[PDB]
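# An overview of the molecular structure
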Amino acid sequence: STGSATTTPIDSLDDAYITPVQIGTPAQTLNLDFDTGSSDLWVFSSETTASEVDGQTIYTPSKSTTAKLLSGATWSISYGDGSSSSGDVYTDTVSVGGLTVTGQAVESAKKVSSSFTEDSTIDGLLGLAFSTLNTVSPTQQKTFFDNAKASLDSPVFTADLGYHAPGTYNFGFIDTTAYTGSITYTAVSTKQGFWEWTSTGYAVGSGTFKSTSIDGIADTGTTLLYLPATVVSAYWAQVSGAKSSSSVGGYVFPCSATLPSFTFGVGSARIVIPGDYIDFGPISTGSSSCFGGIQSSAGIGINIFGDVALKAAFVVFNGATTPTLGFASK
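Residues numbered from 1 in each chain as written, not as in the entry; some residues may be left out. Heavy atoms only, no water. Residues with missing side-chain atoms left out of burial classes, pairs and counts.

Structure determination for this entry is recorded as X-ray crystallography, at 1.4390 Å resolution.

Now the structure itself:
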């Protein structure tokens with residue numbers, strides 16, 4: 001089998017992407033944030049504290065003839081951005097772009113943190129990291145991909161995120177029309193439960209390529225590109241008027257400045273992030289100070305190839321017995 005679904009930016013800055021997901025019978029369609037940095041499929045629901053729901057579409061398990069309580073199960077997650085949610089668990093039928101999994105754990109939120117409430121466009125998350133990170137207790141549950149894998153034509157999914165435009169998540173096949181050149185595959189460590197890999201280096205604009213190992217994760221659920229402070233400083237040094245602002249919480253720059261591209265290495269291949277992808281707009285409405293899309297990972301504890309990086313590539317998440325990652329230009 002295969003599936004194919006369009007993913008759509010939530011706003012004009014590509015702060016996140018939402019993908020429609022059918023849950024239950026009859027289908028309830030919720031717009032979920034596909035997150036290769038986590039491993040829980042959780043949704044706003046009829047069980048979510050009323051004061052914490054503000055515009056989201058909810059899953060109501062009592063209206064699904066295929067929903068079954070996963071008795072005794074609870075879940076609770078905290079994300080890198082300080083947000084959190086928790087609740088109980090049902091199993092139900094979940095379909096993405098024509099691909100159906102029966103018996104998928106659907107984690108129903110009883111509580112969500114303020115950032116989730118405040119984002120009316122995201123009805124929940126669909127985790128696509130390794131199932132070892134799933135938070136359901138006492139019995140850890142499998143991701144949608146893990147459940148689908150054996151049925152897929154090939155045990156892979158791909159992320160093709162757009163810049164200020166929709167893109168595509170495919171399951172079970174590689175669309176050879178969606179990228180230019182070849183796909184370069186690179187080793188993955190699953191030891192932390194992430195799609196963790198090692199970039200071979202970077203360049204800033206037309207500068208020479210610096211060969212240096214950068215371990216990080218391919219994370220569709222993180223907006224920006226977070227890299228070591230040395231790398232990030234080298235980038236912003238090439239932008240007139242850029243500075244790191246402790247009050248704002250990262251590098252900012254005047255919108256009158258031209259942003260150079262940023263290149264990252266995948267083996268001997270190179271992915272070029274155009275300068276425009278690194279502009280995240282005014283820090284506040286009407287400000288001449290713009291927020292940068294490349295920021296320091298210092299104090300995160302890991303480098304993160306988030307959407308800024310991934311949207312410059314066609315990315316293969318290969319779930320073969322030994323997982324790997326593939327990157328192509330597009």
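When the domains of the protein chain are assigned, the result is domain 1 (5-174) and domain 2 (175-330). Each of domain 1 and domain 2 was reduced to a C-alpha centroid, and the two centroids are 25 Å apart. Counting residues at the interface gives 30 residues for domain 1 and 33 residues for domain 2. Of all the elements in the fold, those that place two or more residues in the side of domain 1 that touches domain 2 are β3 (28-35), β9 (156-160) and β10 (167-171). Looking at the side of domain 1 that touches domain 2, its residues break down into 18 nonpolar, six polar and six charged. (Domains from an automatic or database assignment. Contact = heavy atoms within 4.5 Å. Helix = DSSP H or I, 4+ residues; strand = E, 2+ residues; numbered from the N terminus. Nonpolar A, V, L, I, M, F, W, Y, C, P; charged D, E, K, R; others polar.)

Turning next to the state of the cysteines. What the rule picks out here adds up to one disulfide. Each disulfide pairs two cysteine sulfurs, and for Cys 255 the partner residue is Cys 290, the sulfurs being separated by 2.0 Å. The disulfide joining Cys 255 to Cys 290 has a torsion of about 120° about its S-S bond and is therefore right-handed. Taken together, the positions of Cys 255 in the loop between β16 (250-254) and β17 (262-266) and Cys 290 in strand β20 (residues 289-292) put the pair 35 residues apart, joining distant regions of the chain. Judged by its relative accessible area of 3%, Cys 290 is buried. (Disulfide = S-S within 2.5 Å. Buried < 20%, exposed > 50% of the residue type's maximum accessible area, 1.4 Å probe, protein only.)

Once that is clear, we can look at the packing of aromatic side chains. The final tally for this structure, using the stated rule, is 25 aromatic pairs. Taken together, a centroid distance of 4.3 Å and an interplanar angle of 10° make the contact between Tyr 163 and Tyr 277 stacked. Of this pair, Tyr 163 sits in the loop between β9 and β10 while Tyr 277 sits in the loop between β18 (269-273) and β19 (279-282), and the two are 114 residues apart along the sequence. Taking the relative accessible area as the measure of exposure, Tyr 277 reaches 16% and is therefore buried. (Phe/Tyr/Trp six-rings, centres within 6.5 Å; stacked < 30°, edge-to-face > 60°.)

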